[PDB]
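Let me begin by presenting the structure, written as structure tokens, before commenting on it.
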Number of protein chains: 2
Amino acid sequence: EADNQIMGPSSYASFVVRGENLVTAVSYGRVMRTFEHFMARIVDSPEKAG
Amino acid sequence: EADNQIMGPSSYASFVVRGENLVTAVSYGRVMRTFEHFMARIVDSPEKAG
């Protein structure tokens, strides 16, 4: 065998419906994942290419 | 005539789609008027009865 062990993530990641996502939930029923990424993509410099 | 004139507003109001309103407009295709009110009701202190 090449390696005996592998390094892995110790804990789960956290998806919590925070404040800015919750307003979409109660109103439209469509919460989204990583809303702050959407704000940074189409509000804070949308002309910056991905 | 009790009045010759009435005092009123001078300009129209401005309903401009700001940033998080653009985000929900782009993603879910629905804008809510005064998003800061929805954020100050459903997120910041919902225990205060309207």
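Numbering starts fresh at 1 for the residues of each chain in the structure tokens, the chains themselves are lettered A, B, ... in the order given, and ligands are numbered from 1 as they appear.
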Residue set, chain A restricted to helix (DSSP H, G or I), as a list in words: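 Checking each residue of chain A, the helix (DSSP H, G or I) ones are residues 19, 20, 21, 22, 23, 24, 25, 26, 27, 28, 35, 36, 37, 38, 39, 40, 41 and 42 of chain A.
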Can those selected residues be exported to a file as an mmCIF file, in the first residue's frame so that it contains C-alpha atoms?
data_model
loop_
_atom_site.group_PDB
_atom_site.id
_atom_site.type_symbol
_atom_site.label_atom_id
_atom_site.label_comp_id
_atom_site.auth_asym_id
_atom_site.auth_seq_id
_atom_site.Cartn_x
_atom_site.Cartn_y
_atom_site.Cartn_z
ATOM 1 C CA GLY A 19 -30.976 36.749 8.084
ATOM 2 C CA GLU A 20 -30.545 37.848 4.464
ATOM 3 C CA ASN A 21 -31.591 34.412 3.210
ATOM 4 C CA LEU A 22 -34.564 34.102 5.589
ATOM 5 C CA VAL A 23 -36.442 37.037 4.052
ATOM 6 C CA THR A 24 -36.659 35.114 0.787
ATOM 7 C CA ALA A 25 -37.924 32.038 2.636
ATOM 8 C CA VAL A 26 -40.966 33.551 4.342
ATOM 9 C CA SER A 27 -41.933 35.598 1.295
ATOM 10 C CA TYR A 28 -41.304 33.519 -1.829
ATOM 11 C CA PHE A 35 -26.550 34.584 -0.558
ATOM 12 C CA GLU A 36 -23.501 36.691 0.308
ATOM 13 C CA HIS A 37 -21.817 35.236 -2.774
ATOM 14 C CA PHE A 38 -24.742 36.424 -4.887
ATOM 15 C CA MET A 39 -24.462 39.896 -3.384
ATOM 16 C CA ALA A 40 -20.715 39.955 -4.033
ATOM 17 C CA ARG A 41 -21.277 38.717 -7.583
ATOM 18 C CA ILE A 42 -24.109 40.979 -8.811
#
Work out how far atom CA of residue 31 of chain A is from atom CA of residue 29 of chain B, in Å to one decimal.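 One can read the atom CA of residue 29 of chain B to atom CA of residue 31 of chain A distance as 13.1 Å.
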Interatomic distance between atom CA of residue 30 of chain A and atom CA of residue 48 of chain A? 26.7 Å
Atom pair atom CA of residue 16 of chain B / atom CA of residue 34 of chain B: separation (Å): 9.6 Å
